[PDB]
Amino acid sequence: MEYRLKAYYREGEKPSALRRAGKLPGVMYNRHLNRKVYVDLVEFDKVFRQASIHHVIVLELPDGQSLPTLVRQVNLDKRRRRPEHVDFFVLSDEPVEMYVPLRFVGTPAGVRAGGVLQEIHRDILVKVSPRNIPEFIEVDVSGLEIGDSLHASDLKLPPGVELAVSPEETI
Amino acid sequence: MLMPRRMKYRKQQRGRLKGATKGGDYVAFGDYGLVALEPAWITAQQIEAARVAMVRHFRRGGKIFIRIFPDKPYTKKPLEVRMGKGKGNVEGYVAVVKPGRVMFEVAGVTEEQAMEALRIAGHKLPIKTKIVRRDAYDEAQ
Amino acid sequence: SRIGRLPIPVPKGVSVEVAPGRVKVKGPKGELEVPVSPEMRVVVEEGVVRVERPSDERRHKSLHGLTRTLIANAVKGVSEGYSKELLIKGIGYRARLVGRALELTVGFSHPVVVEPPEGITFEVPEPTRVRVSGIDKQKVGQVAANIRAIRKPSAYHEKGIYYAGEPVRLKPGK
Amino acid sequence: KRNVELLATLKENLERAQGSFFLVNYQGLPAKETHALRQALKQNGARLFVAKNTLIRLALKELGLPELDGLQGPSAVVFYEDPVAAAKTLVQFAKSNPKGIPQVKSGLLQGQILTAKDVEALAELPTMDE
Amino acid sequence: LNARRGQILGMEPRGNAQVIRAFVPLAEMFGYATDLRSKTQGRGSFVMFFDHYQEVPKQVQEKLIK
Amino acid sequence: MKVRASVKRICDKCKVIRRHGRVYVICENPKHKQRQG
Amino acid sequence: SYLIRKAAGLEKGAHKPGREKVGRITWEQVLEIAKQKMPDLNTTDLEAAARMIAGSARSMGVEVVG
RNA sequence: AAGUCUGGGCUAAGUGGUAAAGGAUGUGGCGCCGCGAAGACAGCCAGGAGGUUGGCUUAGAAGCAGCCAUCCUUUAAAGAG
Ligand SMILES: [Mg+2]
Ligand SMILES: [Mg+2]
Ligand SMILES: [Mg+2]
Ligand SMILES: [Mg+2]
Ligand SMILES: [Mg+2]
Ligand SMILES: [Mg+2]
Ligand SMILES: [Mg+2]
Ligand SMILES: [Mg+2]
Ligand SMILES: [Mg+2]
Ligand SMILES: [Mg+2]
Ligand SMILES: [Mg+2]
Ligand SMILES: [Mg+2]
Ligand SMILES: [Mg+2]
Ligand SMILES: [Mg+2]
Ligand SMILES: [Mg+2]
Ligand SMILES: [Mg+2]
Ligand SMILES: [Zn+2]
């Protein structure tokens, strides 16, 4: 649900140097702060592959401090398919725009016939307060031939939440 | 096989294969992909050779995405002529592909099937490739 | 998972003597010297011989298993001894002993006569079973093999020399 | 590590329902002779307990971790454990020990048995139903 | 031809080409007129002459009794 | 013996062996024998 | 399962069983079948003996009314 | 002409000292899953059985021609193969 990941500070160390030694250069920020950091590459991957940009990672800083953050952006090295840098958004109590998973609670009538349900949205953008961050967002999918579909306007929307996309958006 | 419905220009300078892809470097549609390991002009006939192999392996089933398009006209002079007397004739179309580009994606199909089908597709392409699956990293993009 | 470290029982009364790069195994049925890597330790314990190796590197692991079996085979050789049986199959095909020698009639123009190497005994209990016996195992395996090659088992008919226990697999003629 | 423990509880549950659970070597029979002993130790008692057939490894954990004497008769060899007190046995060990010592060469011999709570014995358990 | 309760008698070359003989029961030989043109692409032929009668397997021998 | 640049197991009984500097496939089924080359 | 033909409205099954029903039976009319061939089988029940006939039900294409 | 110099490592092809897709239990070193002293992997001694030829088919296809269906049973376990 909530993940921990050890993070450290950097100044002048070259990214290529860090990157060489198994560390992922990165940065943490929010309206109030902005700090150059790095986390260990393999430790991060273990976490990120569960977290994604969905759940809160919390950063155990050397100083003792413990920031609750969302991953905001992950740069890839195009040529090697690997992360070169991460952007850690430090959560406060203010609302925050974010991506929340969609779980399609159901089985298709269009599939099981002669079909393939391309689901165009794995998740959905959503204005929300950090103390109210979901895990799921449930989607009724009893009937969907090839090809009908829904547009997020028809989404359950828990208490605390607020669609951050035009409700004309296909899921 | 693919080519532009229309072009603003019939023929175009050869240009150059430097660099990793500008974009298209992450999975965006399916679950599995095939990424270019080397730069090359992939040709329309080559792409379709790959497409068809995939469809044959699925027995019509599943969905296939083709993420490169041949928009670059390939020129050739007639056999046995000398140099000069102007640029040759367009003999077909190619897509310029640089390493990191995801060329095809598959969806709605088992892991074994995406695997084999992407493997095979590779064998029709004149470059090294690697098969990939969707990650956190693609969704973050 | 291991053959190199397996201890080799040694019957009363066969005697294993050790030297550098050779072990002499003597028993009721004769004696064999067994060449052995200079790199393995052959160890004589009570009614048992062990073999040891000085590392876990690949070449050493290999010689280990090999070496114990090489010795275990010599040990068995001089007490029990080895034999192999060939079955002769087919309408005109019969074997016979001519003195020490084995005569095969297997559908050639001539008959085939086979002299035994030293350390090898041939028996023909019936005219369609031949038996090769001796202390040296690979020697036995070899003479047995040679013999079989004179007229290998046919692909289409139960015809030719057969290893006892060799299954008769056949394809359809026409 | 592993679903061998949703089997530790099985033979701990249905061994926590006895005091005279005997044990035999139920193997050498075909599938005809299998449903022989099976419906005939199901017809020489109550419920449906002939043997439960479970690992000598696990069954010795059960007989050790529920005190039950540790039925150290002979856990080695094929072991099926004729739960004679998940049925109603008594001289129904005759109903087994003779039907086995009839069909085929030594059909279903025994090795362990707890008498009410105290250990029985080897052939003093074939003679305990004669 | 073995799907029509047939027994092969032999095969010999011809105009190259190649011919086959078999004892097929007539009772399984209706379709074989067109069924032959369907396998050889209108390039094979046949002749068909009676030879003998015999006792059919008891499966039909006690099924045709109807 | 098949002789190819691509030697592969053809069936679950096939076996990839390396003798004397060459890779062979060897098998119950004689059609499956391969040598690289 | 010879007996299941004289109790559903069928001489044959339903070609492709599952979606296509060409007859039916109740939870009590599966138990009655479970009755006649009960001395044949293995299990000596009727909640067990009938699920063997509630499965030779889709082995042809007849639903069991519940 | 000047080191058969020093230390760590790899290579067994004379690779070094002629090339690609691709193939591979070559070798050495990483990483990640799975199983394992409640006994795994390898061999080997059992068992792998019922309703049942499953139905429809075809001349016969009885687990295995081919369309279908694929339930349950006694079970430690056993596919309508
Ligand atoms: Mg990745
Ligand atoms: Mg990585
Ligand atoms: Mg140019
Ligand atoms: Mg972009
Ligand atoms: Mg070209
Ligand atoms: Mg022209
Ligand atoms: Mg030109
Ligand atoms: Mg290629
Ligand atoms: Mg010997
Ligand atoms: Mg020879
Ligand atoms: Mg072999
Ligand atoms: Mg000099
Ligand atoms: Mg030197
Ligand atoms: Mg050289
Ligand atoms: Mg060279
Ligand atoms: Mg390697
Ligand atoms: Zn093979």
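The rules we used
- Residues numbered from 1 in each chain as written, not as in the entry; some residues may be left out.
- Chains lettered and ligands numbered in written order.
- Part of a larger assembly, values for the part shown.
- Heavy atoms only, no water.
- Residues with missing side-chain atoms left out of burial classes, pairs and counts.
- Helix = DSSP H or I, 4+ residues; strand = E, 2+ residues; numbered from the N terminus.
- Rg over C-alpha atoms; globule rule 2.2 N^0.38 Å.
- Buried < 20%, exposed > 50% of the residue type's maximum accessible area, 1.4 Å probe, protein only.
- Contact = heavy atoms within 4.5 Å.
- Areas by Shrake-Rupley, 256 points an atom, 1.4 Å probe, with all protein chains shown as cover.
- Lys, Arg positive; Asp, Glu negative; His and termini not counted.
- Charge placed at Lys NZ, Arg CZ, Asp CG, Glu CD.
- Nonpolar A, V, L, I, M, F, W, Y, C, P; charged D, E, K, R; others polar.
- Pairing = 2+ DSSP bridges.
- Axes fitted to C-alpha atoms, helices over the stretch in contact; angles between N-to-C directions.
- Salt bridge = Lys/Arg side-chain N within 4 Å of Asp/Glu carboxyl O.
- Parallel < 35°, antiparallel > 145°, perpendicular 65-115°, else oblique.
- Left-handed = near helix turned anticlockwise from the far one by under 90°.
- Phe/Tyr/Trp six-rings, centres within 6.5 Å; stacked < 30°, edge-to-face > 60°.
- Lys NZ or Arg CZ within 6 Å of the ring centre and 35° of its normal.

Engineer: Would you mind going over the overall build of chain E in detail, with residue names and values included?
Structural biologist: Counting secondary structure elements, chain E contains two helices and two strands. Reading chain E from its N end, one meets helices and strands in the order β-β-α-α. At 14 Å, chain E has a C-alpha radius of gyration far larger than the 11 Å of a compact globule built from 66 residues. C-alpha extents for chain E along the principal axes are approximately 45 × 20 × 20 Å. Among the 66 residues that make up chain E, the fraction classed as buried is 11%. In chain E, the proportion of contacts linking residues at least 24 apart, taken out of those at least 6 apart, comes to 22%. Accessible surface, chain E: about 6,300 Å² in total, of which carbon and sulfur atoms supply 54%. Separation of charge centres in chain E, based on 10 positive and 6 negative side chains, amounts to 8 Å.

Engineer: Explain the overall build of chain C to me, and be specific about the residues and the numbers.
Structural biologist: Counting secondary structure elements, chain C contains two helices and 13 strands. Taking 2.2 N^0.38 as the reference for a compact globule, 174 residues should give roughly 16 Å; the C-alpha atoms of chain C span a radius of gyration of 20 Å, well beyond that estimate. Considered along the principal axes of its C-alpha atoms, chain C spans approximately 60 × 40 × 20 Å. If you take every contact in chain C between residues at least 6 apart in sequence, the share linking residues at least 24 apart comes to 51%.

Engineer: Please set out the interface of chain A and chain B residue by residue, giving values where relevant.
Structural biologist: Facing 17 residues of chain A, the contacting portion of chain B comprises 27 residues. Elements supplying a minimum of two residues to the side of chain A that touches chain B: α2 (41–51) and β5 (66–77) of chain A. Take the side of chain A that touches chain B: its biggest share by element is four residues, from α2(A). Class assignment for the residues of the side of chain A that touches chain B results in seven nonpolar, three polar and seven charged.

Engineer: Any details on the sheet that holds strand β6 (residues 102–107) of chain B? Residues and values, ideally.
Structural biologist: Residues and elements named next belong to chain B. Pairing is antiparallel across the open sheet formed by four strands, whose spatial order is β3-β6-β1-β7. On the outer flanks of this sheet lie β3 (63–66) and β7 (129–133), each paired with one strand and no other. Between one strand axis and the next, the sheet turns by 20 degrees as a mean value, whatever way the strands run. Contacts between helix α1 (residues 44–58) and the sheet are confined to β3 and β6, with β3 contributing the most and set at about 170 degrees to the helix.

Engineer: I'd like to hear about the pattern of salt bridges, residue by residue, with values.
Structural biologist: Oppositely charged side chains may form a pair once their charged atoms are brought near each other. Among the ionic pairs, A:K23 bridges to A:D40, the shortest N-O distance being 3.5 Å. Here A:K23, found in strand β2 (residues 23–30), pairs with A:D40, found in strand β3 (residues 33–40); they are 17 residues apart in sequence, far enough to count as distant. A salt bridge links B:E139 to B:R134; the shortest N-O distance between them is 3.4 Å.

Engineer: I'd like a rundown of the sheet that holds strand β8 (residues 123–128) of chain A, residues and numbers included.
Structural biologist: Residues and elements named next belong to chain A. The strand order across the open sheet formed by three strands is β7-β8-β9, and the pairing between neighbours is antiparallel. The sheet terminates laterally at β7 (96–101) and β9 (161–163), the two strands that pair on one side only. Taken over all neighbouring pairs, the strand axes of this sheet differ in orientation by 45 degrees on average, direction set aside. As judged from the six bridges shared by β7 and β8, these two strands associate in the antiparallel manner. The residue of β8 that forms the bridge with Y99 is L125.

Engineer: Give me the lowdown on the packing of α1(B) against helix α2 (residues 111–122) of chain B, citing residues and values where you can.
Structural biologist: Residue and element names in this part refer to chain B. The geometry of α1 relative to α2 is characterised by a closest axis approach of 8 Å and an angle of 150 degrees between their N-to-C directions. Taken together, the axes of α1 and α2 are roughly antiparallel relative to one another. Like other packed secondary-structure pairs, α1 and α2 cross with a definite hand, here right-handed. Seen from α1, the contacting residues are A50, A53, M54, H57 and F58; seen from α2, they are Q113, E116, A117, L118, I120 and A121.

Engineer: Outline the pairing of strand β5 (residues 89–97) of chain B, listing residues and values.
Structural biologist: Pairing geometry for strand β2 (residues 40–43) of chain B and β5(B), over four bridges, is antiparallel. From the neighbouring strand, B:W41 faces β5(B), where its bridge partner is B:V96.

Engineer: Lay out the packing of aromatic side chains with the relevant residues and their values.
Structural biologist: Pairing A:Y29 with A:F89 gives two aromatic rings, centres 6.3 Å apart and planes at 35 degrees, and the pair type is tilted. Placement of A:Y29 in strand β2 and of A:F89 in strand β6 (residues 82–90) is noted, with a sequence separation of 60 residues between them. Ring centres 5.1 Å apart and planes at 15 degrees place the aromatic pair A:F44 and A:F48 in the stacked group. A residue pair is termed a helical-turn pair when its members lie 3 or 4 positions apart in one helix, as A:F44 and A:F48 do in helix α2 at four residues. Each residue in the set A:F44, A:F48, A:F88 and B:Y137 is aromatic and connected to the rest through ring pairs, giving one cluster. Over the ring of C:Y162 we find C:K89, and its NZ or CZ is 6.0 Å from the ring centre.

Engineer: For unusual backbone geometry, give the residues involved together with the corresponding values.
Structural biologist: Residues C:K12 and C:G13 are joined by a peptide bond in cis, for which omega reads 0 degrees. With respect to the secondary-structure elements, C:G13 resides in the loop between β1 (8–9) and β2 (15–19). The omega angle of the peptide bond from E:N16 to E:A17 is -10 degrees, so this bond is cis rather than trans. Although it is not a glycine, D:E81 sits at a positive phi angle of roughly 60 degrees.

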